[PDB]
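Chemist: Here's a structure for you.
Here the Cβ positions follow ideal geometry from the backbone for every residue, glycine too, while neighbour counts run over all protein chains shown. The values are calculated or read from the model by the stated rules, or taken from the named source; these are not laboratory values.
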Amino acid sequence: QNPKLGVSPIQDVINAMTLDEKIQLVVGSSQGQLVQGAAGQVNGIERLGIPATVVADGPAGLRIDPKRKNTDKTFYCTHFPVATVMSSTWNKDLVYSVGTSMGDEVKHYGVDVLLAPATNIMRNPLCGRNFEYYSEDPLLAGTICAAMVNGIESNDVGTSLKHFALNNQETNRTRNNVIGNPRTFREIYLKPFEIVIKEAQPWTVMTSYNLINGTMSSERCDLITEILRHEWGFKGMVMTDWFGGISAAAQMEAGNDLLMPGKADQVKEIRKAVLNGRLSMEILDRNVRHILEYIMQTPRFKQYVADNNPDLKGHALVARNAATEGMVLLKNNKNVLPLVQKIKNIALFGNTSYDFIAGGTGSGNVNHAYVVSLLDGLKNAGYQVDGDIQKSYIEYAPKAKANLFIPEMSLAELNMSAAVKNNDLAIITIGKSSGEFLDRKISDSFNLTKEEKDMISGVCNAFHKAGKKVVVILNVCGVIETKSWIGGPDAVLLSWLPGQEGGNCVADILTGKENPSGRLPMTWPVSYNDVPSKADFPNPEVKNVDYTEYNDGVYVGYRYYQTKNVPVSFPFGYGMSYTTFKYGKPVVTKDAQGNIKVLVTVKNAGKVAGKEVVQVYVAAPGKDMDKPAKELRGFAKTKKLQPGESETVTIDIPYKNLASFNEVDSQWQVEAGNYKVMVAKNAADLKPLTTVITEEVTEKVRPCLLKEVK
């Protein structure tokens, strides 16, 4: 009898394979697939009861092919917001519930493992994939991402952080080299993955393209084997990004199991490797076994075959709440928001107010049916959109598309007098969207073009000379230049990329039914010259392309800003709500073991209801080593507190989370001396509620991630 998976001893199953069958497994494949589209697939050796599993593209939604031929019903996918909206809530329970509705699509439509979600650190705001990365803080990113995996892996469908390490730049990423000392990698760029591995236990882990100090990330042992499998306790499968990696031999020996998607040349190098006698069978057998442990739990092996009954109607409701709570109000002046009931005619400005953005382009882009543009979001909330300005913007785009991403429609064609003749208030929509492959340009992606500035001030002064107010809707995919033009507009809402349910979420924020309780996952600087990692990042308008150095140490997006008090447009975690909250006493019981457990009760006295993102920042003197000013060591988003309401919330900080890695001893450490704790609104708070503590083997590791030496 042929031994098969789930019955014969696992060891006896690998025996029955030959070198032909083994290499077929570790190198997957790709009209021609079981599910239409949806990116890669994994091979199956059928005689041993092994199916051919499927993997698709997220992370902003399951990506499958629309209806084509020989099918009865079209198949589409709910366009959820981007991973920055998820991070902008700070509500891991909320993100849990989205991965629930996200994973339901993954299972019902015939997928086994979705490529979700990348949780790399936001290092420089000029990165193309900043929308699919979560935050600049590892603790916020690593924790929110862990709950995202949980919601998708409670449906029994796999999850892969889309890029394992050091994919913070998108210039020559195929041959880019990151160079930095061990502590910079472990505390910062390895931390968000450390959390998700320990708790979420995702099935697969996708390695990145670039190198580390000289050796490829997908072909590095200490990274994939010592740090991943042996320190964090990873049990699943390690794959590569498609067509990623040089030597197929080093990938296998580094502990990288599966090669994706699969080419003819890979097999030939792996075929020659074992026959000549370089790649050992134990190495190949180790990689195959991780794939066997991987396939066992997939519903393809249990044969819950695709029924294609998603119920897309019910899942869409969840996204509207995730985007709404994930929207952050950047400035409210004279309490102009929420819009009062008197506003009924509204003038709509911005090309992207009618071609409204939902999510980033390229691989993250998903198949949606309808896009709730802003033009329609104000039509479900009852408001009347201006007939003339809607006529000017709808008809302008064809001419501009005809001749040589799109320059803003100038105010010359639009009737400036008619805007104050019928409409009560005006809205602006600044639309930016950077693709994954091409990095952000200074001219338009960060700074605003002059086609935007002359619409900002031109609309502002003309309306402010009518007593009226103007609100800017930042439909952007990341940080932009703000300080120059921010003063004019009275209200500025930051919608990020709200997915398909776009205008409805902006409508609820404007009408006042919902309360934007979103906080910033990143720090917006004044201008681009404030960024410390700017010196260590290329200019998309040879260093920082072929090789890259990390001289900023532990301090990244906001750690540098706090220790050195750099001016910034909006600090980390800054956010506003219509009601104003008040805090409870800062008293934390000191655990007998040594860890820290903080309690607090927020007090709300506001007309409308809202939610409070309690944030705990802990400081460090740094007598042993240079230390960041204040690193978040816990957070808490409360319930929907009513007028005159108050609920206690819990925030715990383990003693391990009060540790920091040391280069010399190749180990983590907690520095002794007088230490400081805080509970604040935003990261850059002058006056937070402090409770001082006296901090007295946390983790001993081998010297991984060093710098090469001849």
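Chemist: Does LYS272 fit the bill of being surrounded by fewer than 23 Cβ atoms within 10 Å (Cβ to Cβ), farther than 24 Å from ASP20 by Cβ and basic (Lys, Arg)?
Modeler: When the stated conditions are applied, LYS272 does not pass them.
Chemist: Next question, about the same structure. Taking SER208 as the residue in question, decide whether it is under 22 Å from the mean Cα position of the chain (by Cα), under 22 Å from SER29 (Cβ atoms) and of a type in the set (S, T, N, Q). Give the steps one after another, and end with the answer.
Modeler: On the way: under 22 Å from the mean Cα position of the chain (by Cα): yes; under 22 Å from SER29 (Cβ atoms): no; of a type in the set (S, T, N, Q): yes.
No; evaluated as a whole, the condition is false for this residue.
Chemist: May I pose another question? For the range 351-391, give me the residue count where each residue is assigned to a loop (DSSP other than H, G, I, E, B) and either within 24 Å of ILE456 (Cα to Cα) or not aromatic (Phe, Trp, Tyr) (or both).
Modeler: Of the residues in the range 351-391, 23 are assigned to a loop (DSSP other than H, G, I, E, B) and either within 24 Å of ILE456 (Cα to Cα) or not aromatic (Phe, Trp, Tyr) (or both).
Chemist: For residues in the range 404-417 being over 35 Å from the mean Cα position of the chain (by Cα) and assigned to a loop (DSSP other than H, G, I, E, B), which is farthest from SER443 (Cα to Cα)?
Modeler: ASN415
Chemist: Still on this structure, please answer the following. Consider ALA672 carefully, then state whether it is surrounded by fewer than 18 Cβ atoms within 10 Å (Cβ to Cβ) and hydrophobic (A, V, I, L, M, F, W, C).
Modeler: It is true that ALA672 is surrounded by fewer than 18 Cβ atoms within 10 Å (Cβ to Cβ) and hydrophobic (A, V, I, L, M, F, W, C).
Chemist: Can I ask one more? How many residues does the range 378-434 contain that are surrounded by 14 or more Cβ atoms within 10 Å (Cβ to Cβ) and among the small types (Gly, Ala, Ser)?
Modeler: Adding up the residues that qualify gives 9.
Table: residues versus (1) buried (at least 24 other Cβ atoms within 10 Å of the Cβ); (2) under 22 Å from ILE144 (Cα atoms); (3) in the same structural domain as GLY377 (by TED's automatic domain parsing).
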| position | (1), (2), (3) |
| --- | --- |
| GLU501 | yes, yes, yes |
| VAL506 | yes, no, yes |
| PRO532 | no, no, no |
| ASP536 | no, no, no |
| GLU541 | no, no, no |
| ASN544 | no, no, no |
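Chemist: In addition: Which residue is farthest from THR523 (Cα to Cα), if the candidates are limited to the range 457-473 and must be among the aliphatic types (A, V, I, L, M) and surrounded by 21 or more Cβ atoms within 10 Å (Cβ to Cβ)?
Modeler: Step by step, filter the range 457-473, then rank; the result is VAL459.
Chemist: Using beta carbons and a limit of 8 Å, which pairs, at least six apart or on different chains, have the first residue in the range 181-207 and under 21 Å from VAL113 (Cβ atoms) and the second one charged (D, E, K, R) and assigned to a loop (DSSP other than H, G, I, E, B)?
Modeler: As it stands, the answer is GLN201/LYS235; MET206/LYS162; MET206/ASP241; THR207/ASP241, since those pairs meet every condition given.
Chemist: Which pairs have Cβ atoms under 6 Å, sit 6 or more apart or on different chains, and link a residue in the range 82-95 that is within 19 Å of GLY435 (Cα to Cα) to one that is of a type in the set (A, V, I, L, M)?
Modeler: As it stands, the answer is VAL82/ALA60; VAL82/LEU497; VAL85/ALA323, since those pairs meet every condition given.
Chemist: Among (1) assigned to a helix (DSSP H, G or I); (2) aliphatic (A, V, I, L, M); (3) crowded, with 23+ Cβ neighbours inside 10 Å, which single condition is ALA250 missing?
Modeler: (3)
Chemist: Step by step: first the residues of the range 335-355, then only those that are over 24 Å from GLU452 (Cβ atoms) and of a type in the set (D, E, K, R), then the one that is surrounded by the fewest Cβ atoms within 10 Å (Cβ to Cβ). Which residue is that?
Modeler: So the residue we want is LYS342.
Chemist: I would also like to ask the following. Quick one: in the range 23-70, which of the residues that are more than 30 Å from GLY360 (Cβ to Cβ) and not in a loop (DSSP other than H, G, I, E, B) is nearest to the chain's Cα centre (by Cα)?
Modeler: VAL26
Chemist: A further question on this structure: Take residues that are closer than 24 Å to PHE635 by Cα and under 31 Å from the mean Cα position of the chain (by Cα) and tell me which of the strands (runs of 3 or more DSSP E) falling wholly in the range 655-710 contain 2 or more.
Modeler: 660-662, 667-669, 677-680
Chemist: Further, regarding this structure: Name the residues in the range 615-652 that are under 30 Å from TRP668 (Cα atoms), crowded, with 19+ Cβ neighbours inside 10 Å, more than 22 Å from the chain's Cα centre (by Cα) and not charged (D, E, K, R), would you?
Modeler: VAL618, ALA619, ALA620, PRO628, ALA629
Chemist: Right, here's the next one. Quick check, is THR159 of a type in the set (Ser, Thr, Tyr) and touching a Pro at 6+ places or on another chain (Cβ under 8 Å)?
Modeler: For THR159, the condition - of a type in the set (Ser, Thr, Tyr) and touching a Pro at 6+ places or on another chain (Cβ under 8 Å) - is met.
Chemist: Condition check: farther than 26 Å from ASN423 by Cβ and aliphatic (A, V, I, L, M). Does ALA347 satisfy that?
Modeler: No: the conditions fail for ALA347.
Chemist: Take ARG320 and decide whether it is touching a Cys at 6+ places or on another chain (Cβ under 7 Å) and either under 30 Å from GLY61 (Cβ atoms) or not assigned by TED's automatic domain parsing to the domain that holds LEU48 (or both).
Modeler: So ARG320 fits the description; yes.
Chemist: Let me ask something additional. Output the residues belonging to the range 244-255 that are in contact with a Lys or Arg (Cβ under 7 Å, 6 or more places away or on another chain) and on the phi > 0 side of the Ramachandran plot.
Modeler: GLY255
Chemist: Here's a follow-up. Considering each residue of the range 582-601, count those that are among the polar types (S, T, N, Q) and surrounded by 14 or more Cβ atoms within 10 Å (Cβ to Cβ), and give that number.
Modeler: Qualifying residue count, the range 582-601: 2.
Chemist: Any chance you could count how many residues in the range 258-281 are closer than 20 Å to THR240 by Cα and part of a helix (DSSP H, G or I)?
Modeler: The total comes to 9.
Chemist: Please go through the range 437-477 and give me each residue that is among the basic types (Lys, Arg) and closer than 30 Å to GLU170 by Cβ, ordered by number.
Modeler: Correct list: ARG440, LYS441, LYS450, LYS453.
Chemist: Taking the condition in the same structural domain as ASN332 (by TED's automatic domain parsing), over 16 Å from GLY350 (Cα atoms) and outside any strand (DSSP E or B), does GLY467 pass?
Modeler: So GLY467 fits the description; yes.
Chemist: Taking the range 89-98 as the search range and keeping residues that are over 13 Å from the mean Cα position of the chain (by Cα) and over 16 Å from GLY634 (Cβ atoms), which one is surrounded by the most Cβ atoms within 10 Å (Cβ to Cβ)?
Modeler: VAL98
Chemist: Filter the range 556-579 down to residues that are under 17 Å from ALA680 (Cβ atoms) and out of contact with any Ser or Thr (no Cβ under 8 Å at 6 or more places or on another chain) and give me whichever is surrounded by the fewest Cβ atoms within 10 Å (Cβ to Cβ).
Modeler: That would be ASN565.
Chemist: Report every pair of residues separated by at least 6 positions or lying on different chains whose Cβ atoms are under 9 Å apart, first residue within the range 136-161 and outside the structural domain of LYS92 (by TED's automatic domain parsing) and surrounded by fewer than 24 Cβ atoms within 10 Å (Cβ to Cβ), second in a helix (DSSP H, G or I) and of a type in the set (A, V, I, L, M, F, W, C).
Modeler: So the pair list comes out empty.
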